[PDB]
Each structure stands twice: as structure tokens, then as C-alpha cells.
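Asks: An experimental structure, sequence included, is below.
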Amino acid sequence: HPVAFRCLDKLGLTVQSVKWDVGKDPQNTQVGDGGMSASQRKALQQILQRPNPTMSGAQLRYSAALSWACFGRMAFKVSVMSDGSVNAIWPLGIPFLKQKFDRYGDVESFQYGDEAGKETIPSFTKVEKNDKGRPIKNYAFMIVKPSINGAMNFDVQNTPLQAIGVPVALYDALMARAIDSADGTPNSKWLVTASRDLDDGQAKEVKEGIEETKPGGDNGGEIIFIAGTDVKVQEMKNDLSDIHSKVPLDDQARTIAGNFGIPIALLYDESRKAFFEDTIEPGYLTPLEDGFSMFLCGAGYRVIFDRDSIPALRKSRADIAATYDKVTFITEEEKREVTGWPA
Amino acid sequence: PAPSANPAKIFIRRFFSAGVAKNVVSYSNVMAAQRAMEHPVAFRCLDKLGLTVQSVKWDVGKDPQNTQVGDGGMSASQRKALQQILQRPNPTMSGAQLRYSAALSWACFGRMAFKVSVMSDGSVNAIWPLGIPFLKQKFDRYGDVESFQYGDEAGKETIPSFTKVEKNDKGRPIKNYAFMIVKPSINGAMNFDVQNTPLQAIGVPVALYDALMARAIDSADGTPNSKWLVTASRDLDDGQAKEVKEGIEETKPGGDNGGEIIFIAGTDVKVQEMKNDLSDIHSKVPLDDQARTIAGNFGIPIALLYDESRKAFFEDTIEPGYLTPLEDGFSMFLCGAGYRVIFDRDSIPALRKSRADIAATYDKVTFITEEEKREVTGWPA
Amino acid sequence: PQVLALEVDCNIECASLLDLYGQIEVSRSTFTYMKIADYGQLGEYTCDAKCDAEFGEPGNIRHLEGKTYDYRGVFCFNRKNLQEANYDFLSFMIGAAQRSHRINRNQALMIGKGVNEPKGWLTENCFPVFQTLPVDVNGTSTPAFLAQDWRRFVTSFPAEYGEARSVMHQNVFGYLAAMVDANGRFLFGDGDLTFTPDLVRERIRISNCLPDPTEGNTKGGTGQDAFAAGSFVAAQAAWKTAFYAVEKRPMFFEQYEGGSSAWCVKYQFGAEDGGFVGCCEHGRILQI
Amino acid sequence: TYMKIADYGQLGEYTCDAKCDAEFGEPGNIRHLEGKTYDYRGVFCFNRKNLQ
Amino acid sequence: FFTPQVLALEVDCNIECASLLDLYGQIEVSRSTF
Amino acid sequence: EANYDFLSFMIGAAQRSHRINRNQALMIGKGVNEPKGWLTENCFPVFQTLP
């Protein structure tokens, strides 16, 4: 679909733009740091910057946000070598990913494939853990979007596609009317009709006369003189300027756009800053970061993306830094952390 | 390190079959990209995208997230040779033309293909772009591509992929290879999937544009441009019906009696003036809407076809849709860790003001060291 | 108008006589193995003071082989009710096809008939079959099956063959537990309302799609309920060497583009497998 | 209402290994049937003084 | 053209006896008559 | 199965049949469904020896 694909790949592109890095978390009350080795964290940096071969971290970010937007789900695969050192990351095709639950309350393994593919990859919950807690064999993530009535993993999906079926049908139906009436309506003017008694043989003389005035004719610009037997011409209006129904078409585009959380103005800079810090960040950036941060590394250390990366926030961050500099009843360290800059 | 066991074996089982050298793009997609090169708006959008990316300047440099103290600039001479090639590719070709053709194919098909001829020691010799339409690739048994077939019958260079090729003791290749940069899509299928192109969702509007414009060109020549449908009665003695015609006709600018009245004594003749509006033949209202569609799907602010729109077009679709995927694709396999291909943002003539103001205001801040004031606005060290 | 998630189906499988048979995995669709017919006799107790010898009689070494058979099917849809349904026909049918494979494979591997089906050990009829005596009652000679037979059958297995399990329909095992001696005592489990020992210690695996001689549990037999002599009751064999089951590829599911005429999208599934009886001397069959 | 999956059909047939096609099998029934629920109620009275 | 994969099973199917040897009175001679 | 790779034999036995058929066509191919070969068109000047 034109507008649906336009809104999707925009959200995919913008999320793909942020830059990853592992860092100290701000709420580091765990003095018993979970940076188990400081080498797994190094390898974890390499892998977030260079995932599984023939794929970069950018394409990983794009595919994750895209699958999250279409289905409300995010799945991945890890290959921790033997000591908490992750080797590669693979995103999982969510349409044909099946999972099986335990007896108590949760999923334990994921089946990927109907027949030959039968890799019952374990969940992060139950897998061979290290003495500190880090896993040793493969597992999967299955990041889920919350919903009503709980049912953490048993519930229905929560995606914008659930509430745009009616408008998207209206659009494809209306544009079908547009393309249909485009070819099929005559593009001719001047419906000329003769009277009854006109002696074909001179009636054709009337046709060639009225015909031989088009650009390329002979008496163009000139007049038509008909001696007797008044012929009557009528000019067809051929409006043809409302075939796509402009008014009940843009309303649909706004609905299937606003439902995805995109200011209409995008399809001025204030709207860009809003679209970045109101929908993209608190619907794709913070859940992806929290899911990865939850089970990819120990406490005290977690995945972070630098906000300065965003080219739309550079001016915003800049002035905020300037005005805070003028304040005095505040020590330097908190002036730093309020605008990034950990220590 | 590499475990060689990806979950991408889910497709080689029965959804695909190994050793066939399938084509990378559908024949319909090639034709659609072909005919869209003559369409006015599509070609206008297409060459614009390739144009802007072709203005950016390349150079190799240290990467900012350099935690790899064991720098992958294996020789520091391969990097100089790599810099030479990113500025001077294979003869009869400049780096700009590479950027233009590469990003262009990425726009039409969502892929990027290249070829390198590393001499013997990780030193790249030259780089060649590969035609996406007639490029076939061959998959392995586990999960990925091993070779690329480039040509039908005579040209059968079974070029190896980067994954399997004669590597050095450090990891750099010794022989030729290819890239096949891919744009991902739904349902994963890293390489087995359908392309990701704006051309997918512009089929209806372009056909609407051709149809309405075909109506336009047609009705311009075919509708009589003559006025004053004059008509007479069936008693006027054709022989003086001529002279009344010569009376009314000979009033044109530069005539015998030009600009004077027409007096008809008896036998009242009846004139009617046609309209022939002809001022909405192309259906302006349902034309610019289609133009706004095929331009918006390419990620183009309508205003471009004011400065704030140019800034947005640069730092919303061009950079994070053509600059970063090309740069990461190169940086993944063209050089070792710690070093990668960079392009200077300061070379964009539109962003020169914004960086300058951001540099200006940051200067005033004091609870910040000089090095991080630098790195936040380029300027590594 | 209050659709639930309750999915009561109420359909049954068999047990699995698959962990008993010896498992072998092959890649090609044609395997071949050797077999020792007989070692033959070599050397006699010759006399003394005779500078000679005898060549005896050499043995024999046969060379056998067997192929693998395939199992396939087809099922389509209509693509119109699959888009509005409140369920998933595919994942239901994917299970509905594996369900048909597991029960067909096990049954065919048991009772298969020659061509394009692995010859089961039932129809092979080279397992030595043992039939039980009939009993007298009021002059009539109705056939029966007493607990005295079952102990005689299980114990008569040659000891040098190894340990051998037994297979029987659970209705037969119910027939044994409910036997009565002369007055009123049960033979097994005297006075506890139920006799149910650990089968794995008595090495008796139970199934439910064996011939089941007590048809519908309604032919204990005193009058017109006689066992209809000539019915299978139980079997016993060193299964790890008496019968093998080969596997090459599990089931597969492939969309069939072409034949899908834009109304009924048609899937295709299949699998390849097989089995064959080895030395059918380890193994005996009890019969009425 | 709820579902009443009746009987899985017979899908596979163990064909010969020459034909380039399978053979159709019997289908299954789902029997979407329903059921209602009843109600229980009654009353009882009192005085006011006779209860204090 | 079709090479059959040779598996490594070997059915024996023969049968020995038990042995009464250890029960009998073991003894060892060196000449041919005692 | 069939250790001798048959698929590679056919693609090889198809370009070969194509190669010799093309050479045969451009020489004597007759009008419809064949390129008009220069041997059958016969508008080259032709010289003939005398006995």
C-alpha cells in the first residue's frame, strides 16, 4: 500500500539511525556490578556494532522496529560461546515463529519452522546458566508489547494495523474508482449531431469541414459556415477533476498516518522534534533498549543509544546546555547528567 | 568465533533449493524500474536522489566507537590503498560516479553490488559496480550466499562471496569477491526475501499519471480550435452564401474590412459562440495529487519541487536511508575493525550553517571538556 | 455470540511401538547389509595315526538390501474464510497431517502389506506363533485363555536370545487382572480392589491398536462370547534385533504455486521412511 | 459457543515413488455448536418490628 | 548409477548352547594316555 | 541419487545443441521460423567451372 508502506519505512529509517553503545547505567545502585568479566561487555560492544556476518547493526535496528510496528513483537537469537561472550545475533522471522509454554506461566522454547527446521531453541528463562547467571547456550528473546487483561504472552497482538482496516479498504476502493474511471470515460468534446435530411455524401462534407480546423487542419481559428439544415453541437463538460475524491481521500491518509503516530505535516521543525521525542522514542527506542538491557548483560551495565545522534535534537540539546551553564545553585556533576554526559 | 550455524536454514529445506543461481530481482521489477526512468516525475525524483549522494566526499578514518585496541588496520598501507580507491576507483571512473550509480540501484531495487580485486595482501586494487538486473547469486546448504553468477553463457565468473574466500592470516581476503548489500523487509529472510523499494507502492499513481497525460496530449490535437459556429437557412442562394461568409471571414486582423461591423440585410443569420474551455485537459487537481504521491514515497518534501525543507530532506531521508546503509555496508567488509569509511558531514553545503551555530553555542558551555565539545560536532581529536 | 477458547476435540492416538524397534538412519533411498546364514561345520573328531584331514563344509554369507518408501498427501483451502476466521486452519491442519502420519506409519510398520509399504511383522507371519488349548465346560469345548498360559508363554522364550518385552492390548491385561481362582480370590493383587504393578519391571509394554481379541471388551467367553479361536492376543520379541525402522527425512510442507487457481491455495506434504524385519527367530506370537 | 472438532481426516496414503502428485483425502469437521445458561432466583419477606 | 548407502549392521540369527564345562572336574594331562 | 550429475549434463547438452543449430540456421535456414541463410537465399554472385 502506498501510504502504509511510506509510514512504515519512515519509522524503520528513523529508528535505524540511532547509534548503539554499552555504558554504565545511571541508576547504578548495584555496586556488585553485573559487568561479569569486562570482556563479555567488550564483545557485546563489538556485536552490537557488528552482528552476524552479512548484516550490520543498522539493518538489525531497521528489521526489529519494523517487525515491532507490524506485529508488536521482537525476536532474536544469540550464540554465546562458553563464557557469556555472545558471538552473533540473528533476528527471527515473526510470522512463522512458534513457541511453547511451560506448565506454570511462561514460554520455555521456540520452534522455528514447520518440518525440517525444528530447532527448539530454549528461552532465556531456562537455559544452561553460568555460575553468575549468564547463559552458556543459545536462546531467544520474544519482546512483547503489553495489552489489556494481562495475558503477558497469551494475549492478542497490539499493532496499529488492528484499527486501520476500515480506512485502508476505503482508500484502495476509492483509488480503484479513480483508475477505473480514468480509462473508460471518453476524452472527446463537441458531440456534433446532424439532422435527418442531410444526404450522406454532403453530411461527410460537414464532418471534414468541422474536422479540418484542429491544430494541423486548414481553417483552424476560422469560422464554420453551414448553409441551411442547422446542425447542433454540444460541448461535453468532462469535469474529470474529482475522480479520486480528494476530500474523502486525504482524511483516510490522515487516519492511517495518525494511527501510526506521525504528524501530518511530515507528509515545521517543531513537528519533526515532536515526531522524534513523542512517538519514535517512547514507542520504539525505549522498549527496544529495555528489552535488550533486560537480558543481554548483568546489572549496572546496559545498552544505550546516544541522543545527540538525532540531528533534529542537536539544536534543542545545545540551548539547554547553554542555559544550564548560567545556573549556579547546582554542582557540576548534576549539570552534566541532566543533559547526558555521564561523568 | 563464527559458529557458521544461522537460523536461516528454515528456507533451504523446501521453500528454496540449493545450487540454482536464482536472480536477485523479478523481471517485472526490472521493467518497472526501466520505464520509470522516462517518466517525468519518477526520473526527476530518481536523479535527484543520486545527485545529492554523489556530492558527498569520502575518506577512511578512525571509528568513534573504537574499543578494539587491537586495531584492524592490519597494515596501515592497505588503508592508504583503500583511501586511493575510494577517491580513484577502476580507471575511466571516479568515486562520485560510483556513489551515484550505487545509491541509484539502491533506490530502484533496494540492493548494492560491487566487486574488488585485492592483489595479494589485503591491498585493494579496484572496485567495480555490478548490474542488479542481470546479477544472479547461489546459496549454500546452511543459510547464505557463496557465489555470484554475473552473465548468462560466456561470462560465467563464479565470483565468491565475502564469507567464503581465500583469507589472509589476519582475516582479509586475497582474491576477488562481491558484496550484495541488501535492504531487509518483513518475515526476515535476509536474502531470500522480496526487495524493499519505493517502486512497489507507486504503481497505481504512475499509471494514473500516464493515463491522464495521454488524455491531455490527445485532446490538445483533436478538439477543434475554431469559434463562431455560424449557420444559415435553406434559402440563401449559395453564390451569396459565399459573400456573407467572405463578409464575416474577412474581418481577421489585417483584412479588407477588419474590425468593422457585419450588416446582414434580411435573412437573419444566427451565430453562436462556442466555449472550448480546454483549460483542464490534464485534470490538474487529480494530477498534482498523484505527483505528491510518487514524490512523497521517494521521501521528498513537496516544497523541493524553504531552506528548512532542504535541511529536512538531507537529514531525514538522504542521510539515514542512503548514506548510513552504504557506509555500514562498506565498513562491514572493506577494512578491519577500528577503522572504517567515513564521509564528512561538513561537505553538505546546506548543513554548513547548522553545524556552525551548534559549534558556536557549544563553545559557551563550560561544564564540558574540550575533547567532548569536539567529538559532539565531528572533529575527532 | 460469546465465543470461547474451549477447543474440545476428544480424539485418541495409539501407544508407540517405535522406541522398541531398533533405529537406523540412512541418507540414500537404498541401503544394503550382510547376513550370516550359517557358520557351517569345520573339522571332525578324526582318528589317530592318519596323515590326512577333511575339508569339512564352508559356511555362507548372504548380502541383503532394502529400500525406503514415501508417504505424501495434499490439502487446500479457499483463501476467503481463512481471512475472516477467528482461528487458524493452517496450524490446525499442520497438526492434522502429522497426526495422520504418526498413526499410519506405526500401523503400517506393524501390518504393512508388501508393495510400497514396509512389511509388518504381523503379515510377515515368520514369527513362530503359539496357540493355546481349548477348555471344556458342560461338555462344550469352547476356547479360552487362562493365566496359566500367559506364564507359560513368557517363560518359554529362549534365554540366550536376551531380554524380551511383550506387547498386548490393555483389554487383555484387564482380562488377566480380573481372573478368579476356584472359590473367589483374584489370582493377582489379592484384596486391594486393583491389580496394577509397574509394567516396566514386568517388561510388558501396553498398546491399544493391536488386534484386541476381546472385541470391545465383550468376549470373556462362557457361551457365545468365546474368543473366536484364531485371534491375536500378545507378542514377545527381542525388538532391538527382531525388527528395524529406518528414517531418512521427516515430514515436509511446501506451498504448491501452480494448481492454486487464485481461489483454493493448495499445500503439499510428504515424508519418507521405512522398515524391515531382521532375523525373525527372536520373537514369538501368542494366539487363541 | 465453542468448537467441537469432530474427527481428523485421512490425509496421507503411502503412494508409489513415481507419480508427480499426491491424492486427495477425507476432510475434518469442526461443528461450531453452542450452549445456554440458566438463572436461579427467589424472594423472602420480613416485618420490621418483628425483626428488631 | 544409484549407489546404495552401505550401513554397518550385521544380523547373526544363529544360536549356541549353554556350557556344562565349569561343572565338570577340570584336569590337565601332558601325555596322550594316562 | 544417480551419482552422475544429470542436471549439469542437460544444460551442457542444451547449449551444445543450440550452438550447432544456430550455425546450421544462418547457413541454410529457410524463411519462416529460421533466419534466412546466405546459402539458400542465393543472391551471392555464383561462378561455376566448365567440365
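Replies: Ah, there it is. Numbering: from 1, shown residues only, chains lettered A, B, ... in the order given.
Asks: you'd agree residue C:113 is up against residue C:123?
Replies: Yes - Residue C:113 is within contact range of residue C:123, at 5.7 Å (criterion: C-beta atoms under 8 Å). To be clear about C-beta, it is placed using only N, CA and C from the backbone, and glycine gets the same treatment.
Asks: Please identify the residues of chain C in proximity to chain B?
Replies: C:252-255 (C-beta under 8 Å from any C-beta of the partner chain).
Asks: how about 6 Å then?
Replies: Chain C has residues C:252, C:254 near chain B, with proximity defined as C-beta under 6 Å from any C-beta of the partner chain.
Asks: Chain C: helices as residue ranges?
Replies: Remark: helices assigned in chain C by DSSP state H are C:81-84, C:89-111, C:121-124, C:147-155, C:170-177, C:199-202, C:239-242.
Asks: Could you tell me which residues of chain C lie near chain A?
Replies: C:94, C:251-253.
Asks: residues of stretch A:248-262 that come out buried?
Replies: Buried residues in stretch A:248-262, counted by 16 or more other C-beta atoms under 10 Å in any protein chain shown: A:249, A:252-253, A:255-257, A:260-262.
Asks: do stretch A:31-51 and chain B meet?
Replies: Yes - with C-beta under 6 Å from any C-beta as the criterion, chain B is reached by stretch A:31-51 at A:42, A:45, A:49.
Asks: Among those residues, name the ones in helices.
Replies: Short answer: the residues of stretch A:31-51 next to chain B in helices (DSSP H) are A:42, A:45, A:49.
Asks: residues of stretch C:27-40 that come out buried?
Replies: Result for stretch C:27-40 [16+ other C-beta under 10 Å]: buried residues C:28-29, C:31, C:33, C:35.
Asks: which residues sit in contact with the closest residue to chain D within chain E?
Replies: Using C-beta to the nearest C-beta, the single residue of chain E nearest to chain D is residue E:2, 12.4 Å away. Neighbouring residues of residue E:2 by C-beta atoms under 6 Å, 6 or more residues apart in numbering or on different chains: F:1-2.
Asks: From chain B, how far off is residue C:233?
Replies: 44 Å (C-beta to the nearest C-beta, to the nearest Å).
Asks: cool, and residue C:280?
Replies: Here the criterion is C-beta to the nearest C-beta. By it, residue C:280 lies 37 Å from chain B.
Asks: Quick check: that residue touching residue C:128?
Replies: No - contact criterion C-beta atoms under 6 Å: residue C:280 and residue C:128 do not qualify, at 8.6 Å.
Asks: Compare those two and say which is more crowded by neighbours.
Replies: The residue with more neighbours, out of residue C:280 and residue C:128, is residue C:280; 17 against 10, by other C-beta atoms under 10 Å in any protein chain shown.
Asks: Quick check: closest non-adjacent residue to that one.
Replies: What sits nearest to residue C:280 in space, not counting adjacent residues and going by C-beta to C-beta, 6 or more residues apart in numbering or on different chains, is residue C:126, at 4.3 Å.
Asks: Can you verify my assumption that the one you found contacts residue C:279?
Replies: No - judged on C-beta under 6 Å, residue C:126 makes no contact with residue C:279 at a distance of 9.7 Å.
Asks: List the contacts of the residue of chain C most remote from its centre.
Replies: Residue farthest from the centre of chain C, counting by C-alpha atoms, centre = their mean, is residue C:49 at 58.9 Å. By C-beta under 6 Å, 6+ apart, the contact list for residue C:49 is empty.
Asks: Could you measure from residue C:138 over to chain B?
Replies: Taking C-beta to the nearest C-beta, one finds residue C:138 at 66 Å from chain B.
Asks: try residue A:218
Replies: When residue A:218 is compared with chain B (using C-beta to the nearest C-beta), they lie 11 Å apart.
Asks: quick one, what contacts that residue?
Replies: Contacts of residue A:218 (C-beta under 6 Å, 6+ apart): residue A:212.
Asks: how many other residues sit next to the closest residue to residue C:234 other than its chain neighbours?
Replies: Among residues not flanking residue C:234 along the chain, residue C:168 sits closest, at 4.0 Å (C-beta to C-beta, 6+ apart). Here the count is done by other C-beta under 10 Å, and residue C:168 has 25 residues near it.
Asks: who does residue C:168 bridge with?
Replies: residue C:206, residue C:234 (DSSP bridges).
Asks: ok, it touching residue C:232?
Replies: No - contact criterion C-beta under 6 Å: residue C:168 and residue C:232 do not qualify, at 9.2 Å.
Asks: How much space separates residue A:71 from residue C:283?
Replies: 54 Å (C-beta to C-beta, to the nearest Å).
Asks: For the residue of chain E found nearest chain A, give me the backbone phi and psi.
Replies: Among all residues of chain E, residue E:5 sits closest to chain A, at 19.8 Å; criterion: C-beta to the nearest C-beta. Per-residue torsions, residue E:5: phi -60, psi 120 (degrees, to the nearest 10).
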